[PDB]
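S.K.: The structure that follows is given in the form of structure tokens.
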Amino acid sequence: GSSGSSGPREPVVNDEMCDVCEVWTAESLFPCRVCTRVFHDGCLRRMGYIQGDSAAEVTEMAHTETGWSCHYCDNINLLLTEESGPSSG
Ligand SMILES: [Zn+2]
Ligand SMILES: [Zn+2]
């Protein structure tokens, strides 16, 4: 194979490291910032998590404070009809 890596000084460890890249960036990380679990939208579609035809007229609107909310959070922040269907009870 091949080997070659040194440096007894390891970089800071942040819990906000992509689960597919394990890397962060100054700017806001996707999907969200607060949501501990961070994963690049592309890392999902690529690997094989989404691969769904979700043609939309939007590129990336997560960074913003009030934009897209990942599944984990699934917050009803966005102002729009979110008719839900909970188990009849
Ligand atoms: Zn990633
Ligand atoms: Zn989220």
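S.K.: Within the set of pairs 6+ apart or on separate chains, which have a first residue in region 61-75 that is more than 14 Å from residue 27 (Cβ to Cβ) and without any contact (Cβ under 8 Å) to a residue 60 or more places away in the chain, a second that is among the β-branched types (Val, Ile, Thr) and within 8 Å of ligand 2 (Cβ to nearest atom), and C-beta atoms under 9 Å apart?
M.R.: Qualifying pairs under 9 Å: 73/34.
S.K.: Name every residue in region 46-60 that is surrounded by 10 or more Cβ atoms within 10 Å (Cβ to Cβ), assigned to a loop (DSSP other than H, G, I, E, B) and hydrophobic (A, V, I, L, M, F, W, C), in order of residue number.
M.R.: 50
S.K.: Pairs please, first residue from region 18-31 and closer than 16 Å to residue 60 by Cα, second anywhere and near ligand 1 (Cβ under 7 Å from one of its atoms) and part of a loop (DSSP other than H, G, I, E, B), Cβ atoms under 7 Å, 6+ apart in sequence or on different chains.
M.R.: Every condition considered, the pairs that remain are 30/40; 31/39.
S.K.: How many residues does region 1-45 contain that are within 16 Å of ligand 1 (Cβ to nearest atom) and part of a loop (DSSP other than H, G, I, E, B)?
M.R.: The first filter runs over region 1-45 and keeps only residues within 16 Å of ligand 1 (Cβ to nearest atom), leaving 14-33, 35-45.
Now narrow it down to the ones that are part of a loop (DSSP other than H, G, I, E, B): 14-33, 35-40.
Residues in region 1-45 being within 16 Å of ligand 1 (Cβ to nearest atom) and part of a loop (DSSP other than H, G, I, E, B): 26 in total.
Here, each number is a calculation from the coordinates, and none is a lab measurement. Cβ coordinates were reconstructed from backbone atoms using ideal geometry, including for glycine residues, and neighbour counts include every protein chain displayed.
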